[PDB]
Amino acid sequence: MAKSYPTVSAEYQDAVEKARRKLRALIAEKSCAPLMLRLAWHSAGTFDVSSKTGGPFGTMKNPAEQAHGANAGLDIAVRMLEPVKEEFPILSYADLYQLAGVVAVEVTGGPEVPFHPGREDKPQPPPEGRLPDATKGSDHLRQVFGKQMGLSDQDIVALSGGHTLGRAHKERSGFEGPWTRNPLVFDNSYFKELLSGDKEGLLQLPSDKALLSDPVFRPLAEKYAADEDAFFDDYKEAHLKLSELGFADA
């Protein structure tokens, strides 16, 4: 609910901007924005507010966190981004993975998520099992996002909009296919596909369905389905809170 951002060195700021450009060109070229967003998201979602452990602090680099079940396939993102670290080694992995999320969203047409650099790489990855269970429901979402992460009900619907990008893969999570007809375009189509019900060739996890069966989550999804500026605004807000969990507080 309050931040005090470090002023990083001119050289770090220059690294960040150089990296941002390189991420644009890497991402746009290899069309892997969605997996990049997933890396940022999974790097940050592990934060627990009561224990002040986990969160966007580079730990996704430790091949132990890449071995967490929930994280199958992030090792591809981590290897894809290493050249970027090779050229700007002063950057932390913490910063580099969140900047990739931000750049993913912006390249695919989505809102401008501000970026405040300065995350340190911590040494101890969080414990496995903090991220949300795709087969679970509305109250689980509040346990993960709400009680552990400290985000709000609005953050949950808006953020669940990240599934406007990309798809599931059988070898990673078990589920298969995309949520939307245009998986390389950041728009509000995800909430439109939800409210439309199940259909062939499009995925819907039970955690997706949870948003339609809840009096708070339901109208938010309706709003975002109808109003893409509303969605882009709230998403921008939530993505930014997500990207700084435990970072630069007070």
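Numbering starts at 1 and runs along the sequence shown.
The PDB entry records a higher mean C-alpha B factor for 121-129 than for its counterpart among 121-129 and 91-99. Averaged over Cα atoms, the B-factor as recorded in the entry is higher for 141-149 than for the other of 154-162 and 141-149. When the modelled residues of the chain are ordered by C-alpha B-factor, residue 76 sits in the highest third. Among the modelled residues of its chain, residue 172 has a C-alpha B-factor that falls in the highest third, as given in the PDB entry. In this PDB entry, the Cα temperature factor of residue 248 sits in the middle third of its chain's modelled residues. For residue 212, the recorded CA temperature factor ranks within the middle third of the chain's modelled residues. The PDB entry assigns residue 29 a C-alpha temperature factor belonging to the highest third of its chain's modelled residues.
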